[PDB]
>>> print(open('query31.tsv').read())   # TSV, C-alpha atoms
chain	number	residue	atom	x	y	z
W	1	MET	CA	99.00	13.01	-34.34
W	2	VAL	CA	102.09	10.88	-34.74
W	3	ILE	CA	100.89	7.28	-34.95
W	4	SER	CA	102.24	3.75	-34.93
W	5	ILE	CA	102.63	2.16	-38.35
W	6	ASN	CA	102.88	-1.38	-39.67
W	7	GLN	CA	105.86	-0.10	-41.68
W	8	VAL	CA	103.72	2.48	-43.56
W	9	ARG	CA	100.42	4.30	-43.70
W	10	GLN	CA	99.19	6.33	-46.68
W	11	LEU	CA	96.14	8.59	-46.75
W	12	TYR	CA	94.26	9.81	-49.81
W	13	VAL	CA	91.25	12.12	-49.62
W	14	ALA	CA	88.12	11.05	-51.51
W	15	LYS	CA	86.75	14.55	-51.97
W	16	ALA	CA	84.97	13.33	-55.11
W	17	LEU	CA	84.51	9.95	-56.78
W	18	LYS	CA	84.98	9.85	-60.55
W	19	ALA	CA	84.43	6.98	-62.96
W	20	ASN	CA	87.55	7.34	-65.13
W	21	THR	CA	91.06	8.77	-65.00
W	22	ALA	CA	90.02	11.44	-67.52
W	23	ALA	CA	87.49	12.96	-65.11
W	24	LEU	CA	90.13	13.74	-62.45
W	25	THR	CA	90.02	17.54	-62.63
W	26	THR	CA	89.87	19.00	-59.12
W	27	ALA	CA	92.20	18.16	-56.27
W	28	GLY	CA	90.73	15.33	-54.21
W	29	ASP	CA	89.04	13.62	-57.15
W	30	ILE	CA	89.65	9.88	-56.87
W	31	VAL	CA	88.92	6.70	-58.80
W	32	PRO	CA	89.57	3.08	-57.76
W	33	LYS	CA	91.43	1.25	-60.53
W	34	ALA	CA	91.69	-2.52	-60.91
W	35	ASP	CA	92.22	-4.75	-63.92
W	36	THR	CA	89.55	-7.09	-65.26
W	37	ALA	CA	91.20	-10.21	-63.82
W	38	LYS	CA	91.31	-8.46	-60.43
W	39	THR	CA	95.00	-9.08	-59.73
W	40	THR	CA	95.94	-5.61	-58.47
W	41	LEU	CA	94.08	-2.57	-57.16
W	42	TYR	CA	95.30	1.01	-57.07
W	43	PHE	CA	93.89	4.51	-56.68
W	44	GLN	CA	94.34	7.50	-58.98
W	45	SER	CA	93.94	10.74	-57.03
W	46	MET	CA	94.23	14.32	-58.25
W	47	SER	CA	96.73	16.20	-56.12
W	48	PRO	CA	97.18	19.96	-56.42
W	49	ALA	CA	100.08	18.95	-58.70
W	50	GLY	CA	98.62	16.49	-61.19
W	51	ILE	CA	97.14	13.04	-60.63
W	52	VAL	CA	99.10	10.75	-58.31
W	53	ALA	CA	98.64	6.99	-58.13
W	54	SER	CA	98.69	4.99	-54.92
W	55	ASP	CA	100.64	1.82	-54.29
W	56	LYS	CA	99.41	-1.27	-56.12
W	57	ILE	CA	97.60	-3.81	-53.95
W	58	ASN	CA	97.98	-7.46	-54.88
W	59	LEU	CA	94.42	-8.52	-54.13
W	60	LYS	CA	95.64	-11.92	-52.86
W	61	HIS	CA	97.69	-10.23	-50.11
W	62	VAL	CA	94.90	-8.16	-48.52
W	63	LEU	CA	94.89	-8.78	-44.77
W	64	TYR	CA	91.77	-6.79	-43.86
W	65	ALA	CA	89.63	-3.96	-45.21
W	66	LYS	CA	87.01	-2.23	-43.05
W	67	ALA	CA	85.42	1.21	-43.02
W	68	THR	CA	84.30	3.37	-40.10
W	69	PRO	CA	81.13	5.49	-39.70
W	70	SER	CA	82.77	8.69	-38.28
W	71	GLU	CA	80.76	8.18	-35.07
W	72	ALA	CA	83.36	5.75	-33.71
W	73	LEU	CA	86.04	8.46	-33.82
W	74	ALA	CA	83.94	11.05	-31.99
W	75	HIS	CA	84.68	11.78	-28.32
W	76	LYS	CA	81.70	12.36	-26.07
W	77	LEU	CA	82.32	15.05	-23.46
W	78	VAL	CA	82.12	13.59	-19.96
W	79	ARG	CA	79.91	15.45	-17.49
W	80	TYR	CA	78.96	14.55	-13.92
W	81	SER	CA	76.15	15.83	-11.72
W	82	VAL	CA	77.18	16.97	-8.24
W	83	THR	CA	74.70	16.90	-5.38
W	84	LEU	CA	74.76	16.79	-1.59
W	85	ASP	CA	73.52	13.44	-0.29
W	86	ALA	CA	70.38	13.41	1.84
W	87	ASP	CA	72.05	10.74	4.00
W	88	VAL	CA	74.58	13.06	5.63
W	89	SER	CA	72.20	16.01	5.31
W	90	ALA	CA	69.69	17.08	2.66
W	91	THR	CA	70.70	20.69	3.42
W	92	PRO	CA	74.05	22.26	4.33
W	93	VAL	CA	75.06	22.20	7.99
W	94	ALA	CA	76.12	25.55	9.40
W	95	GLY	CA	79.72	26.29	10.29
W	96	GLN	CA	81.17	23.48	8.16
W	97	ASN	CA	83.45	24.27	5.23
W	98	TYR	CA	82.41	22.35	2.11
W	99	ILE	CA	85.46	21.88	-0.12
W	100	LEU	CA	84.97	20.22	-3.51
W	101	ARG	CA	87.90	18.76	-5.44
W	102	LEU	CA	88.28	18.03	-9.16
W	103	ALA	CA	90.84	15.25	-9.60
W	104	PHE	CA	92.39	15.68	-13.04
W	105	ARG	CA	94.58	12.94	-14.47
W	106	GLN	CA	96.83	15.31	-16.44
W	107	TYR	CA	97.91	18.92	-16.22
W	108	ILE	CA	96.48	21.49	-18.63
W	109	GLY	CA	99.44	21.55	-21.00
W	110	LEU	CA	100.94	18.11	-20.44
W	111	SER	CA	99.85	14.59	-21.34
W	112	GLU	CA	101.84	12.64	-18.74
W	113	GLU	CA	99.69	10.92	-16.13
W	114	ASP	CA	99.66	12.96	-12.93
W	115	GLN	CA	97.27	13.98	-10.17
W	116	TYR	CA	96.10	17.57	-10.62
W	117	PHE	CA	93.43	19.22	-8.49
W	118	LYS	CA	91.18	22.25	-8.51
W	119	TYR	CA	89.07	23.27	-5.56
W	120	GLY	CA	85.86	25.03	-4.62
W	121	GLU	CA	85.14	26.53	-1.21
W	122	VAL	CA	81.81	27.24	0.48
W	123	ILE	CA	81.19	27.91	4.18
W	124	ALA	CA	77.63	27.24	5.28
W	125	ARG	CA	75.63	29.42	7.66
W	126	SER	CA	72.34	29.13	9.51
W	127	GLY	CA	70.01	30.02	6.65
W	128	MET	CA	71.81	28.75	3.57
W	129	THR	CA	69.71	26.25	1.64
W	130	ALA	CA	70.66	23.82	-1.12
W	131	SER	CA	70.16	26.30	-3.97
W	132	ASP	CA	72.40	28.95	-2.43
W	133	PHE	CA	75.05	26.31	-1.74
W	134	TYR	CA	75.19	25.05	-5.33
W	135	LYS	CA	75.27	28.68	-6.44
W	136	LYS	CA	78.21	29.70	-4.27
W	137	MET	CA	80.05	26.43	-4.90
W	138	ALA	CA	79.69	26.89	-8.65
W	139	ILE	CA	80.97	30.47	-8.57
W	140	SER	CA	83.92	29.37	-6.43
W	141	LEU	CA	84.73	26.61	-8.91
W	142	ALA	CA	84.56	29.01	-11.85
W	143	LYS	CA	86.81	31.61	-10.21
W	144	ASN	CA	89.28	28.83	-9.33
W	145	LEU	CA	89.43	26.88	-12.60
W	146	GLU	CA	88.48	29.73	-14.92
W	147	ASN	CA	91.62	31.53	-13.84
W	148	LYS	CA	92.99	30.47	-17.24
W	149	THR	CA	94.38	33.98	-17.80
W	150	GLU	CA	95.10	33.08	-21.44
W	151	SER	CA	92.66	30.80	-23.27
W	152	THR	CA	89.72	28.97	-21.74
W	153	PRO	CA	88.46	26.93	-18.75
W	154	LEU	CA	89.50	23.36	-18.02
W	155	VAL	CA	85.91	22.28	-17.35
W	156	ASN	CA	82.61	24.08	-17.82
W	157	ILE	CA	80.23	24.75	-14.93
W	158	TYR	CA	76.45	24.94	-15.19
W	159	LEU	CA	73.47	24.90	-12.85
W	160	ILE	CA	70.11	23.20	-13.35
W	161	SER	CA	66.94	24.56	-11.78
W	162	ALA	CA	64.22	22.13	-10.74
W	163	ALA	CA	61.83	23.95	-13.07
W	164	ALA	CA	63.97	23.41	-16.18
W	165	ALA	CA	65.70	20.13	-15.24
W	166	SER	CA	67.32	20.26	-18.70
W	167	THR	CA	68.56	23.84	-19.28
W	168	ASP	CA	72.19	24.10	-18.22
W	169	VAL	CA	72.72	27.54	-16.66
W	170	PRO	CA	76.32	28.56	-17.46
W	171	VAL	CA	78.61	29.93	-14.76
W	172	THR	CA	81.81	31.82	-15.57
W	173	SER	CA	84.55	33.66	-13.70
W	174	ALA	CA	82.52	36.85	-14.30
W	175	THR	CA	79.17	35.53	-13.05
W	176	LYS	CA	77.88	36.77	-9.70
W	177	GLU	CA	74.96	35.77	-7.50
W	178	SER	CA	73.02	38.78	-8.79
W	179	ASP	CA	72.92	37.07	-12.20
W	180	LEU	CA	71.66	33.82	-10.63
W	181	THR	CA	68.21	34.65	-9.25
W	182	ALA	CA	66.57	31.22	-9.06
W	183	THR	CA	65.73	29.33	-5.87
W	184	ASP	CA	65.27	25.76	-7.17
W	185	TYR	CA	68.84	24.84	-8.09
W	186	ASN	CA	69.21	21.10	-7.58
W	187	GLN	CA	72.61	20.08	-9.00
W	188	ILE	CA	75.84	21.16	-10.69
W	189	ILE	CA	77.10	19.63	-13.94
W	190	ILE	CA	80.76	19.73	-14.97
W	191	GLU	CA	81.53	18.94	-18.60
W	192	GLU	CA	84.84	18.28	-20.30
W	193	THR	CA	86.14	20.88	-22.74
W	194	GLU	CA	87.66	20.87	-26.21
W	195	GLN	CA	91.25	21.93	-25.58
W	196	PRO	CA	93.37	23.84	-28.10
W	197	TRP	CA	94.28	22.01	-31.31
W	198	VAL	CA	97.10	22.80	-33.75
W	199	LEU	CA	97.43	21.01	-37.07
W	200	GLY	CA	100.68	19.15	-36.52
W	201	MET	CA	101.88	20.41	-33.16
W	202	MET	CA	99.08	19.95	-30.61
W	203	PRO	CA	97.13	16.69	-30.96
W	204	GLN	CA	93.49	16.53	-29.95
W	205	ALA	CA	93.35	15.45	-26.32
W	206	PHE	CA	91.21	15.61	-23.21
W	207	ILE	CA	91.79	15.69	-19.45
W	208	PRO	CA	89.28	13.56	-17.50
W	209	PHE	CA	88.33	14.46	-13.96
W	210	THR	CA	86.50	13.17	-10.90
W	211	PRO	CA	84.59	15.32	-8.36
W	212	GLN	CA	85.90	14.39	-4.92
W	213	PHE	CA	84.38	15.72	-1.70
W	214	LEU	CA	86.38	16.36	1.45
W	215	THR	CA	85.10	15.53	4.93
W	216	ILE	CA	82.76	17.56	7.12
W	217	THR	CA	81.65	16.97	10.69
W	218	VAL	CA	77.88	16.54	10.98
W	219	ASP	CA	77.35	14.72	14.30
W	220	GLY	CA	80.96	14.49	15.40
W	221	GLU	CA	81.61	12.14	12.46
W	222	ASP	CA	83.73	13.13	9.48
W	223	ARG	CA	81.59	12.40	6.43
W	224	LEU	CA	81.36	12.95	2.67
W	225	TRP	CA	78.45	15.09	1.52
W	226	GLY	CA	78.53	14.79	-2.26
W	227	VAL	CA	77.17	12.57	-5.01
W	228	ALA	CA	79.29	12.68	-8.19
W	229	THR	CA	77.06	10.76	-10.57
W	230	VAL	CA	77.73	10.56	-14.30
W	231	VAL	CA	74.81	11.89	-16.32
W	232	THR	CA	74.79	11.09	-20.01
W	233	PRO	CA	76.78	13.40	-22.32
W	234	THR	CA	74.99	15.81	-24.62
W	235	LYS	CA	77.96	17.32	-26.51
W	236	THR	CA	80.46	15.67	-28.83
W	237	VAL	CA	83.85	16.25	-30.46
W	238	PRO	CA	84.05	15.13	-34.11
W	239	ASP	CA	87.10	13.75	-35.91
W	240	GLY	CA	87.85	16.62	-38.30
W	241	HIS	CA	90.81	17.74	-36.20
W	242	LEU	CA	91.71	14.09	-35.62
W	243	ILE	CA	91.61	13.23	-39.33
W	244	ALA	CA	93.40	16.40	-40.42
W	245	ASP	CA	96.33	15.34	-38.24
W	246	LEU	CA	96.28	11.86	-39.76
W	247	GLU	CA	96.72	13.47	-43.18
W	248	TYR	CA	99.40	15.84	-41.90
W	249	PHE	CA	101.43	12.86	-40.68
W	250	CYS	CA	100.66	10.35	-43.44
W	251	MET	CA	101.51	12.86	-46.18
W	252	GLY	CA	105.13	12.68	-45.01
W	253	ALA	CA	105.29	9.10	-46.24
W	254	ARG	CA	104.90	10.07	-49.90
W	255	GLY	CA	105.83	13.74	-49.55
W	256	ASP	CA	108.29	15.93	-47.68
W	257	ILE	CA	109.10	14.69	-44.18
W	258	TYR	CA	110.43	18.03	-43.01
W	259	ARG	CA	107.53	20.45	-42.74
W	260	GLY	CA	108.74	23.71	-41.23
W	261	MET	CA	112.12	22.73	-39.86
W	262	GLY	CA	114.42	24.82	-42.02
W	263	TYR	CA	111.70	27.42	-41.98
W	264	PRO	CA	112.95	29.76	-44.75
W	265	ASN	CA	114.23	26.76	-46.74
W	266	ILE	CA	111.16	24.51	-46.62
W	267	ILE	CA	108.68	22.73	-48.84
W	268	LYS	CA	105.05	23.45	-48.02
W	269	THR	CA	102.45	20.78	-48.67
W	270	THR	CA	98.83	21.50	-49.52
W	271	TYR	CA	96.35	19.51	-47.43
W	272	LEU	CA	92.85	18.66	-48.61
W	273	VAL	CA	91.24	17.68	-45.30
W	274	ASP	CA	88.91	20.40	-44.03
W	275	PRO	CA	89.17	20.57	-40.22
W	276	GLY	CA	85.57	21.35	-39.38
W	277	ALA	CA	84.11	18.58	-41.54
W	278	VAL	CA	83.38	15.03	-40.40
W	279	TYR	CA	85.01	12.20	-42.35
W	280	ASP	CA	84.19	8.49	-42.41
W	281	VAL	CA	87.32	6.41	-42.86
W	282	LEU	CA	88.24	3.34	-44.87
W	283	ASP	CA	91.38	1.23	-44.58
W	284	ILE	CA	92.95	-1.65	-46.51
W	285	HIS	CA	95.79	-3.60	-44.91
W	286	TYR	CA	97.93	-5.59	-47.36
W	287	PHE	CA	101.50	-6.83	-47.71
W	288	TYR	CA	104.21	-7.73	-50.22
W	289	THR	CA	105.75	-11.18	-49.82
W	290	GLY	CA	108.52	-11.44	-52.44
W	291	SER	CA	110.48	-14.09	-54.31
W	292	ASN	CA	112.61	-17.15	-53.54
W	293	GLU	CA	114.41	-16.79	-50.18
W	294	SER	CA	112.50	-13.51	-49.63
W	295	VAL	CA	109.36	-14.70	-47.83
W	296	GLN	CA	109.42	-11.87	-45.28
W	297	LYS	CA	106.23	-9.81	-45.45
W	298	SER	CA	106.21	-6.04	-45.89
W	299	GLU	CA	102.77	-5.21	-44.53
W	300	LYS	CA	101.16	-1.93	-45.53
W	301	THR	CA	97.88	-0.08	-45.41
W	302	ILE	CA	96.05	2.50	-47.53
W	303	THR	CA	93.31	4.49	-45.82
W	304	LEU	CA	90.76	6.77	-47.45
W	305	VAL	CA	88.63	9.51	-45.90
W	306	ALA	CA	85.32	10.91	-47.10
W	307	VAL	CA	82.94	13.46	-45.62
W	308	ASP	CA	79.89	12.09	-43.84
W	309	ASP	CA	76.52	13.78	-44.41
W	310	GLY	CA	74.56	11.76	-41.90
W	311	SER	CA	74.19	8.75	-44.13
W	312	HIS	CA	77.69	7.60	-45.11
W	313	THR	CA	76.85	8.18	-48.76
W	314	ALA	CA	80.27	9.15	-50.13
W	315	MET	CA	82.08	6.23	-48.52
W	316	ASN	CA	79.28	3.80	-49.39
W	317	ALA	CA	79.65	4.67	-53.07
W	318	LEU	CA	83.45	4.54	-52.88
W	319	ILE	CA	83.39	1.01	-51.46
W	320	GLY	CA	80.68	-0.04	-53.90
W	321	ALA	CA	83.07	0.98	-56.65
W	322	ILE	CA	85.96	-0.84	-54.97
W	323	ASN	CA	83.88	-4.00	-54.60
W	324	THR	CA	82.81	-3.72	-58.24
W	325	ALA	CA	86.45	-3.37	-59.32
W	326	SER	CA	88.44	-5.64	-56.98
W	327	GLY	CA	85.54	-8.01	-56.24
W	328	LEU	CA	86.09	-7.58	-52.50
W	329	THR	CA	83.17	-7.81	-50.07
W	330	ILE	CA	83.73	-4.73	-47.93
W	331	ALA	CA	80.68	-3.91	-45.84
W	332	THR	CA	78.71	-0.69	-46.12
W	333	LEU	CA	78.13	1.75	-43.29
Y	1	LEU	CA	149.56	-12.35	-108.85
Y	2	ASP	CA	152.76	-13.91	-107.52
Y	3	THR	CA	153.95	-10.55	-106.17
Y	4	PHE	CA	150.48	-10.21	-104.65
Y	5	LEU	CA	150.58	-13.55	-102.85
Y	6	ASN	CA	154.26	-13.15	-101.97
Y	7	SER	CA	153.21	-10.17	-99.85
Y	8	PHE	CA	150.95	-12.01	-97.43
Y	9	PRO	CA	152.94	-14.14	-94.96
Y	10	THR	CA	152.84	-17.93	-94.83
Y	11	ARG	CA	152.29	-20.21	-91.85
Y	12	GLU	CA	153.30	-23.86	-91.61
Y	13	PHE	CA	151.14	-26.55	-90.02
Y	14	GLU	CA	151.91	-30.17	-89.18
Y	15	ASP	CA	148.93	-31.85	-90.88
Y	16	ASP	CA	146.02	-31.16	-93.23
Y	17	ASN	CA	143.42	-31.40	-90.47
Y	18	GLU	CA	140.70	-28.79	-90.05
Y	19	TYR	CA	141.86	-26.09	-87.65
Y	20	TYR	CA	139.70	-23.63	-85.75
Y	21	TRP	CA	140.24	-20.44	-83.78
Y	22	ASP	CA	138.22	-18.71	-81.08
Y	23	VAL	CA	136.43	-15.44	-81.80
Y	24	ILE	CA	136.02	-12.77	-79.11
Y	25	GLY	CA	133.16	-10.32	-79.48
Y	26	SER	CA	131.14	-7.63	-77.73
Y	27	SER	CA	128.84	-7.37	-74.72
Y	28	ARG	CA	126.81	-4.16	-74.46
Y	29	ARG	CA	123.24	-4.97	-75.49
Y	30	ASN	CA	119.72	-3.64	-75.66
Y	31	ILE	CA	116.62	-5.79	-75.96
Y	32	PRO	CA	113.87	-5.35	-78.58
Y	33	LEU	CA	110.17	-5.29	-77.75
Y	34	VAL	CA	107.72	-7.93	-78.94
Y	35	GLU	CA	104.69	-5.89	-77.84
Y	36	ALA	CA	103.01	-4.12	-74.93
Y	37	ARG	CA	99.63	-4.43	-73.26
Y	38	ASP	CA	97.37	-2.41	-71.01
Y	39	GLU	CA	96.47	-3.35	-67.44
Y	40	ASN	CA	93.79	-5.70	-68.82
Y	41	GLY	CA	96.15	-7.48	-71.22
Y	42	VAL	CA	94.96	-5.94	-74.49
Y	43	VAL	CA	97.64	-5.20	-77.06
Y	44	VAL	CA	98.68	-1.63	-77.86
Y	45	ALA	CA	97.97	-0.61	-81.44
Y	46	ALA	CA	99.93	2.10	-83.23
Y	47	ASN	CA	96.95	4.47	-83.39
Y	48	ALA	CA	96.17	3.88	-79.71
Y	49	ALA	CA	96.32	6.58	-77.06
Y	50	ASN	CA	98.78	7.01	-74.21
>>> encode(input="query31.tsv", output="structure tokens")
Amino acid sequence: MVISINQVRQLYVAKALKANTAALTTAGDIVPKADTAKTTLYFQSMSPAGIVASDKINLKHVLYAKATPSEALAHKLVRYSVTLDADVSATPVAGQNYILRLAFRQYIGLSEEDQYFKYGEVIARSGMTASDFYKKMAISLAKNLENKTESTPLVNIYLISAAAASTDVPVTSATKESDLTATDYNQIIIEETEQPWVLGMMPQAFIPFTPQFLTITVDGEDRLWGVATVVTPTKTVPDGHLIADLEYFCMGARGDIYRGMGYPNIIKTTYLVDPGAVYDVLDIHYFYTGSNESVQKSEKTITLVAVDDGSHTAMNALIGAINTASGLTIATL
Amino acid sequence: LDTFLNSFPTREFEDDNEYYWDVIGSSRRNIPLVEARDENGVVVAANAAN
């Protein structure tokens, strides 16, 4: 997760808050340290190799200092609801080929902005009702997008029966109409998916989409049958993978910048962020001004992560300590 | 004593006025320490800790 820096960013993990430098025993233990006059602030953190101290912050040169709740960094998974509009026809018209399109803004493995489609075919006959249409359209979509052949779909397909109205019925490339035995299917939902993530190689990223409907002839008029409305998300993607990458990149500012390049001849860094946990972040932007003739500012920032347990307890205590030490007025989560 | 003083050379001046000569010395220094203090400005005693 290579990022843009105001000349530097440093990350220290607040795995545990201790009162004194003597209590720093485990890796991740941290203590905010400031003098009694409150001229400078620094952090003493226990690395796997002894305690390390952060840069010293001249508390007159602090540009801003705010903390996040770990809900701001979460990515809701977008999901639409597809439905055939009662205006054109509340039920499929025989003989017409219904072709649904999923307009993706990137390819599966690339991040450049492009137009990328996936399709779903259904040909309607004299007796086919709405339920059977959604069924066959869903299975077509699955067999066409869940042709991954290595890893996982690009979007997930479900069906909702009018009886449930809330129970998403999954559909996969293996599903077949024999498995789907309901008769009150009323829509199709299409959620985004969590794509593969690698620590310092593949950044967390999503591929949005839009369900587009091609034209059918109903009364000699080419018309659009579908309704791609956006129902509210129900699933989320936390920041653990996002934060872990922040550490992986910001540990090359005080540690080894190479990371596997000369693979046999490397230095391997131990990372304390647990991808799988949810961290609430804190950040302090400051600068160094200098002496006569040296007024140019060297702006910097020190950010700190801490696991959230619902209530942002860990970070709330950490900032309470920092406000008690440096006298700042950082706000709690 | 005459043979003693007759060993050292003699140098003639023009008057009996105080004369002076410039002295060239050394450069390489190191500075002492008056004291040291912690981050809060308290002085470090000899029985104090690191």
>>> closest_residue(input="query31.tsv", among="W:38, W:241, W:297, W:143", to="chain Y", atoms="all atoms listed in the file")
W:38
>>> interface_residues(input="query31.tsv", of="chain W", to="chain Y", cutoff="10 Å", atoms="only C-alpha atoms", output="list in words")
residues 33, 34, 35, 36, 37, 38, 39 and 40 of chain W
>>> residues_near_point(input="query31.tsv", point="(76.9, 7.1, -52.4)", cutoff="12 Å", atoms="all atoms listed in the file", output="list in words")
residues 14, 16, 17, 18, 306, 307, 308, 309, 310, 311, 312, 313, 314, 315, 316, 317, 318, 319, 320, 321, 332 and 333 of chain W
>>> residues_around(input="query31.tsv", residues="residue 270 of chain W", least_positions_apart="5", cutoff="12 Å", atoms="all atoms listed in the file", output="PyMOL selection string")
chain W and resi 27-28+47-49+244+247-248+251-252+255-256+259
>>> residues_near_point(input="query31.tsv", point="(83.6, 24.9, 8.1)", cutoff="12 Å", atoms="all atoms listed in the file", output="number ranges by chain")
W: 92-99, 121-125, 214-218, 222
>>> atom_distance(input="query31.tsv", atom1="atom CA of residue 57 of chain W", atom2="atom CA of residue 42 of chain W")
6.2 Å
>>> closest_residue(input="query31.tsv", among="W:236, W:111, W:166, W:152", to="residue 203 of chain W", atoms="all atoms listed in the file")
W:111
>>> residues_around(input="query31.tsv", residues="residue 44 of chain Y", least_positions_apart="6", cutoff="12 Å", atoms="all atoms listed in the file", output="PDB file with C-alpha atoms, in the frame of the given file")
ATOM      1  CA  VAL Y  34     107.720  -7.930 -78.940  1.00  0.00           C
ATOM      2  CA  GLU Y  35     104.690  -5.890 -77.840  1.00  0.00           C
ATOM      3  CA  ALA Y  36     103.010  -4.120 -74.930  1.00  0.00           C
ATOM      4  CA  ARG Y  37      99.630  -4.430 -73.260  1.00  0.00           C
ATOM      5  CA  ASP Y  38      97.370  -2.410 -71.010  1.00  0.00           C
ATOM      6  CA  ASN Y  50      98.780   7.010 -74.210  1.00  0.00           C
TER       7      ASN Y  50
END
>>> residues_around(input="query31.tsv", residues="residue 253 of chain W", least_positions_apart="3", cutoff="8 Å", atoms="all atoms listed in the file", output="PDB file with C-alpha atoms, in the frame of the given file")
ATOM      1  CA  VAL W   8     103.720   2.480 -43.560  1.00  0.00           C
ATOM      2  CA  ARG W   9     100.420   4.300 -43.700  1.00  0.00           C
ATOM      3  CA  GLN W  10      99.190   6.330 -46.680  1.00  0.00           C
ATOM      4  CA  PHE W 249     101.430  12.860 -40.680  1.00  0.00           C
ATOM      5  CA  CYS W 250     100.660  10.350 -43.440  1.00  0.00           C
ATOM      6  CA  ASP W 256     108.290  15.930 -47.680  1.00  0.00           C
ATOM      7  CA  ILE W 257     109.100  14.690 -44.180  1.00  0.00           C
TER       8      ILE W 257
END
>>> residues_around(input="query31.tsv", residues="residue 204 of chain W", least_positions_apart="6", cutoff="9 Å", atoms="all atoms listed in the file", output="JSON, numbers by chain")
{"W": [1, 194, 195, 196, 197, 198, 241, 242, 245]}
>>> atom_distance(input="query31.tsv", atom1="atom CA of residue 118 of chain W", atom2="atom CA of residue 223 of chain W")
20.3 Å
>>> atom_distance(input="query31.tsv", atom1="atom CA of residue 211 of chain W", atom2="atom CA of residue 134 of chain W")
13.9 Å
>>> closest_residue(input="query31.tsv", among="W:5, W:109, W:266, W:300", to="residue 288 of chain W", atoms="all atoms listed in the file")
W:300
>>> build_atoms(input="query31.tsv", residues="segment 57-68 of chain W", atoms="N, CA, C and O atoms", output="PDB file, in the coordinates of the input")
ATOM      1  N   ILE W  57      97.981  -2.820 -54.950  1.00  0.00           N
ATOM      2  CA  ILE W  57      97.600  -3.810 -53.950  1.00  0.00           C
ATOM      3  C   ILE W  57      97.374  -5.128 -54.663  1.00  0.00           C
ATOM      4  O   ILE W  57      96.423  -5.262 -55.437  1.00  0.00           O
ATOM      5  N   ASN W  58      98.224  -6.109 -54.390  1.00  0.00           N
ATOM      6  CA  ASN W  58      97.980  -7.460 -54.880  1.00  0.00           C
ATOM      7  C   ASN W  58      96.810  -8.041 -54.109  1.00  0.00           C
ATOM      8  O   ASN W  58      96.924  -8.317 -52.912  1.00  0.00           O
ATOM      9  N   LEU W  59      95.685  -8.227 -54.793  1.00  0.00           N
ATOM     10  CA  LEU W  59      94.420  -8.520 -54.130  1.00  0.00           C
ATOM     11  C   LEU W  59      94.392  -9.909 -53.495  1.00  0.00           C
ATOM     12  O   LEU W  59      93.371 -10.278 -52.905  1.00  0.00           O
ATOM     13  N   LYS W  60      95.475 -10.675 -53.602  1.00  0.00           N
ATOM     14  CA  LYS W  60      95.640 -11.920 -52.860  1.00  0.00           C
ATOM     15  C   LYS W  60      96.286 -11.697 -51.506  1.00  0.00           C
ATOM     16  O   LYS W  60      96.232 -12.590 -50.653  1.00  0.00           O
ATOM     17  N   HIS W  61      96.897 -10.532 -51.296  1.00  0.00           N
ATOM     18  CA  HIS W  61      97.690 -10.230 -50.110  1.00  0.00           C
ATOM     19  C   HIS W  61      96.993  -9.227 -49.203  1.00  0.00           C
ATOM     20  O   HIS W  61      97.654  -8.544 -48.412  1.00  0.00           O
ATOM     21  N   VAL W  62      95.672  -9.119 -49.306  1.00  0.00           N
ATOM     22  CA  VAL W  62      94.900  -8.160 -48.520  1.00  0.00           C
ATOM     23  C   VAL W  62      94.571  -8.801 -47.176  1.00  0.00           C
ATOM     24  O   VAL W  62      93.873  -9.816 -47.109  1.00  0.00           O
ATOM     25  N   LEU W  63      95.082  -8.205 -46.097  1.00  0.00           N
ATOM     26  CA  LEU W  63      94.890  -8.780 -44.770  1.00  0.00           C
ATOM     27  C   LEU W  63      93.508  -8.446 -44.213  1.00  0.00           C
ATOM     28  O   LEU W  63      92.800  -9.329 -43.715  1.00  0.00           O
ATOM     29  N   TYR W  64      93.110  -7.179 -44.280  1.00  0.00           N
ATOM     30  CA  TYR W  64      91.770  -6.790 -43.860  1.00  0.00           C
ATOM     31  C   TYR W  64      91.422  -5.461 -44.513  1.00  0.00           C
ATOM     32  O   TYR W  64      92.301  -4.705 -44.936  1.00  0.00           O
ATOM     33  N   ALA W  65      90.115  -5.189 -44.588  1.00  0.00           N
ATOM     34  CA  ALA W  65      89.630  -3.960 -45.210  1.00  0.00           C
ATOM     35  C   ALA W  65      88.266  -3.638 -44.606  1.00  0.00           C
ATOM     36  O   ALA W  65      87.266  -4.268 -44.960  1.00  0.00           O
ATOM     37  N   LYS W  66      88.239  -2.657 -43.706  1.00  0.00           N
ATOM     38  CA  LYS W  66      87.010  -2.230 -43.050  1.00  0.00           C
ATOM     39  C   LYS W  66      86.929  -0.715 -43.044  1.00  0.00           C
ATOM     40  O   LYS W  66      87.945  -0.019 -43.070  1.00  0.00           O
ATOM     41  N   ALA W  67      85.697  -0.213 -43.007  1.00  0.00           N
ATOM     42  CA  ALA W  67      85.420   1.210 -43.020  1.00  0.00           C
ATOM     43  C   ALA W  67      84.661   1.606 -41.758  1.00  0.00           C
ATOM     44  O   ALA W  67      83.910   0.810 -41.189  1.00  0.00           O
ATOM     45  N   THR W  68      84.866   2.849 -41.328  1.00  0.00           N
ATOM     46  CA  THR W  68      84.300   3.370 -40.100  1.00  0.00           C
ATOM     47  C   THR W  68      83.218   4.408 -40.379  1.00  0.00           C
ATOM     48  O   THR W  68      83.201   5.029 -41.446  1.00  0.00           O
TER      49      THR W  68
END
